[PDB]
Amino acid sequence: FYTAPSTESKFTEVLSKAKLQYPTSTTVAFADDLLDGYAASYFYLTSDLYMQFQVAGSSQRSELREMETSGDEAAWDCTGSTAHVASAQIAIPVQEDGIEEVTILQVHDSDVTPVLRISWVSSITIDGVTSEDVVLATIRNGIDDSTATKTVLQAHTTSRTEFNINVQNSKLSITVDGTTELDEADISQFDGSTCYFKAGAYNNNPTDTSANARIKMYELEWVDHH
Ligand SMILES: O=C(O)[C@H]1O[C@@H](O[C@H]2[C@H](O)[C@H](O)[C@@H](O)O[C@@H]2C(=O)O)[C@@H](O)[C@@H](O)[C@@H]1O
């Protein structure tokens, strides 16, 4: 008794260009499955037309992974001259107790390293400044460097918020409601890697492994250019 996101034409294209992973890396639904009305407690359309992702547990996810319409996985040159752009209108609800960080958008390499995570965090300390209840950008410093550069993007609101990720020419930019919040961050450390976008709910370091993270997307698209 869950309504499928495929019933809304605003999602047809991105679902054609995605596969759904849940609760870890295994695909539960490919593009054709998604287009054919795939729906579950962790992936469904709300009555006000949000695509909602929900998942409990440490490092568990309900997440769309960028695909080509051919069925090939997206694997674009992370630092190439072609622009790759992800856009999403996301409402981040107040998270359940014990949910401490939820990753909502990513640029991931074709191996084991997230180039970029955009996440909600309960608390973060960056160079001696603690922020509470914010949306954060985390860019990994390298494949062999587990550390990352972190940038607060936005004070958390439940209001629908426009996020835009633009990747081109070894630089990455993020806009939030039209305002640039990360301006041409360097990602040259992923020269020679291939990349793709992800979107959904990825539950990072919960303190209650039974609590549900929950993220809602009113619009989602990923594109190439030139
Ligand atoms: O030591 C850390 O906790 C390390 O985590 C990093 O984010 C990771 C996420 O929590 C997820 O596990 C997944 O997405 O992998 C990420 C990663 O290893 O890059 C960063 O937040 C990093 O700053 C932090 O030290």
# chains A, B, ... in the order shown; residues from 1 in each chain; ligands from 1
$ residues_around --residues "residue 25 in chain A" --least-positions-apart "4" --cutoff "9 Å" --atoms "only C-alpha atoms" --output "JSON list (two decimals) with N, CA and C atoms, in the first residue's frame"
[["chain", "number", "residue", "atom", "x", "y", "z"],
["A", 21, "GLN", "N", 19.34, 1.41, -4.43],
["A", 21, "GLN", "CA", 20.12, 0.55, -3.56],
["A", 21, "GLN", "C", 19.52, 0.60, -2.16],
["A", 60, "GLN", "N", 23.37, 2.28, 6.80],
["A", 60, "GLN", "CA", 22.38, 1.76, 5.88],
["A", 60, "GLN", "C", 21.84, 2.89, 5.02],
["A", 61, "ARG", "N", 21.33, 2.52, 3.85],
["A", 61, "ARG", "CA", 20.94, 3.54, 2.90],
["A", 61, "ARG", "C", 19.71, 3.11, 2.12]]
$ closest_atom_pairs --of "chain A" --to "ligand 1" --cutoff "6 Å" --atoms "only C-alpha atoms and all ligand atoms" --output "JSON lines"
{"residue": "A:114", "atom": "CA", "partner": "ligand 1", "partner_atom_place_in_ligand_line": "19 (O)", "distance": 5.6}
{"residue": "A:140", "atom": "CA", "partner": "ligand 1", "partner_atom_place_in_ligand_line": "19 (O)", "distance": 5.9}
{"residue": "A:146", "atom": "CA", "partner": "ligand 1", "partner_atom_place_in_ligand_line": "18 (O)", "distance": 5.8}
{"residue": "A:147", "atom": "CA", "partner": "ligand 1", "partner_atom_place_in_ligand_line": "23 (O)", "distance": 4.8}
{"residue": "A:148", "atom": "CA", "partner": "ligand 1", "partner_atom_place_in_ligand_line": "23 (O)", "distance": 4.5}
{"residue": "A:204", "atom": "CA", "partner": "ligand 1", "partner_atom_place_in_ligand_line": "10 (O)", "distance": 5.2}
$ residues_around --residues "residue 98 in chain A" --least-positions-apart "3" --cutoff "7 Å" --atoms "only C-alpha atoms" --output "number ranges by chain"
A: 206-208, 211
$ closest_residue --among "A:84, A:198, A:160, A:214" --to "residue 55 in chain A" --atoms "only C-alpha atoms"
A:214
$ residues_around --residues "range 149-159 of chain A" --least-positions-apart "3" --cutoff "8 Å" --atoms "only C-alpha atoms" --output "ChimeraX atom specification"
/A:91-94,120,126,133-141,176,181-182
$ residues_around --residues "residue 50 in chain A" --least-positions-apart "3" --cutoff "6 Å" --atoms "only C-alpha atoms" --output "number ranges by chain"
A: 45-46, 216-218
$ write_last_selection --atoms "N, CA, C and O atoms" --output "PDB file, in the first residue's frame"
ATOM      1  N   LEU A  45       6.127   7.466  -2.730  1.00  0.00           N
ATOM      2  CA  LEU A  45       5.635   8.810  -3.011  1.00  0.00           C
ATOM      3  C   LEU A  45       4.609   9.200  -1.952  1.00  0.00           C
ATOM      4  O   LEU A  45       3.626   8.484  -1.740  1.00  0.00           O
ATOM      5  N   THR A  46       4.847  10.332  -1.311  1.00  0.00           N
ATOM      6  CA  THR A  46       3.932  10.855  -0.311  1.00  0.00           C
ATOM      7  C   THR A  46       2.719  11.466  -0.983  1.00  0.00           C
ATOM      8  O   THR A  46       2.697  11.732  -2.184  1.00  0.00           O
ATOM      9  N   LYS A 216      13.095  13.691   1.973  1.00  0.00           N
ATOM     10  CA  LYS A 216      12.038  13.859   0.973  1.00  0.00           C
ATOM     11  C   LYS A 216      12.525  14.734  -0.177  1.00  0.00           C
ATOM     12  O   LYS A 216      13.109  15.800   0.050  1.00  0.00           O
ATOM     13  N   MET A 217      12.287  14.286  -1.410  1.00  0.00           N
ATOM     14  CA  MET A 217      12.712  15.014  -2.599  1.00  0.00           C
ATOM     15  C   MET A 217      11.515  15.341  -3.473  1.00  0.00           C
ATOM     16  O   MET A 217      10.769  14.447  -3.895  1.00  0.00           O
ATOM     17  N   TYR A 218      11.317  16.635  -3.725  1.00  0.00           N
ATOM     18  CA  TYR A 218      10.210  17.105  -4.537  1.00  0.00           C
ATOM     19  C   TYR A 218      10.550  17.097  -6.013  1.00  0.00           C
ATOM     20  O   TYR A 218       9.665  16.982  -6.856  1.00  0.00           O
TER      21      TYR A 218
END
$ closest_residue --among "A:11, A:197, A:53, A:2" --to "residue 105 in chain A" --atoms "only C-alpha atoms"
A:197
$ closest_residue --among "A:83, A:180, A:220, A:193" --to "residue 168 in chain A" --atoms "only C-alpha atoms"
A:83
$ closest_residue --among "A:179, A:164, A:69, A:113" --to "residue 194 in chain A" --atoms "only C-alpha atoms"
A:113
$ closest_residue --among "A:19, A:202, A:121, A:8" --to "residue 64 in chain A" --atoms "only C-alpha atoms"
A:19
$ select_by_dssp --residues "chain A" --states "helix (DSSP H, G or I)" --output "PyMOL selection string"
chain A and resi 5-7+9-16+31-35+188-190
$ residues_around --residues "residue 5 in chain A" --least-positions-apart "5" --cutoff "9 Å" --atoms "only C-alpha atoms" --output "PyMOL selection string"
chain A and resi 11-12+15+34-35+37-39+43-46+49-52
